[PDB]
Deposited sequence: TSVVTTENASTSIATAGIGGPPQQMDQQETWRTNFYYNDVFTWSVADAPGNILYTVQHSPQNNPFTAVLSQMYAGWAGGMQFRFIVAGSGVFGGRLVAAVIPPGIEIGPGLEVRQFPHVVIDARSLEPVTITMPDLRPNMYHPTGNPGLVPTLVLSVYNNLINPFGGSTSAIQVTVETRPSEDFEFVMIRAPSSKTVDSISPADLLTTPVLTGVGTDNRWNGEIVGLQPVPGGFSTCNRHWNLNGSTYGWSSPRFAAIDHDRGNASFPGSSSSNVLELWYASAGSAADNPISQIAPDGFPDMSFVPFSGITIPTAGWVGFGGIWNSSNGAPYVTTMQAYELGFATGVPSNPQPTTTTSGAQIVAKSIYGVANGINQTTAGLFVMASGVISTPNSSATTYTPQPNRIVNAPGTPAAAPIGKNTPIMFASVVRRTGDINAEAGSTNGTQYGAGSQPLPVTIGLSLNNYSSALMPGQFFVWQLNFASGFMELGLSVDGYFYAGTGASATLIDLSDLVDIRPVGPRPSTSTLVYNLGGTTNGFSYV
């Protein structure tokens, strides 16, 4: 048969210069899922038996040195850091070898066949360092790749016949111009590294399908019906309420669904706040649901403390207050003890003049509930945050590449990724301490993008801060779960 006479690609792993001798680089249990074709045949069979052959190909060069060791471990032996692989019957893999080196994994079992449901006890293959990699020329190259291919052995067979992963979340449409961020609902057109770090809870799901925010994966109008509205022909109507009182929201009670999580910016008199979340709406009467036809205006929202007399920006939801104020004079003011609020969920940015500013929100402006994990740089990897263009009140005509500058809005995750995360559970597809890596194919280069357990995305930009343009993207290919301590490739 043709499907058992040639080798086929199975997996690829990275060998670094910083790996001390005795470290394990690659491990795999005996199973039919290690071959593209037997993994397809396993649907129509209930058991299997026999060995498998592996072949390693080193994509090194003629100037490197160092060796690996590969051995097969019988069942019933614990695998851990203190494993003397150099004592088991093994083979030596050189860093600068040309011809591929093969090891054969016999099927050591106590039973007669392995059912596809519960395999039982099976051997294991381990690749560990024999002598660490060296590079006499120094430089910026410090890692090489190794590829693994498999082929069923002569005695492999299937016995009884029966009736017949987070890789799909990120696809080319998500980043080519169709997907949108989760904070401003705009086309994603860039990636913005954040060396300092940040944190986010609103509309940000992890891989356990649980979020610490107060919003749902959609953009819908904000509705709150118990608040204080007062004003001091043209006046600035002001609305505020106590945080942690929105009982009508089933997901969480800190704030109404869709409330922006930016710190409120104080402003009074003839002035325009800078870097503020602006939405269109007004006040309505809670008695009968009728809207007050004079307070339709461009209101600005946020989080603040000491609202009635001494407003002050804040970054914690514990004992805070929510503020909604109009940026321009309203037609007629209203003083009601109990009132409702209604504003569109897709915001814009406020700016006193027509010149653009830096991207928003800056890392210090995010308001998060207590108990949220933080995204901090690890190794050479840097967290990034997706940037999109957003209209500004200073100039509405400027949309992209205008001579007056460009305003970029930023979000933690693309919307489809968040929707997928909140729809299902991926806790079993990744263990802590490692990333899930995608590869991006540019017009004249490439780079890798990695997702952690908490839901943040990481890139190997290091101590840089320049925005990365996405107008040259072609397609995205999944790579697989890789350790979080390895530098991601950045070739641009």
The deposited sequence goes unmodelled at 1-28, 193-200, 269-272, 533-542
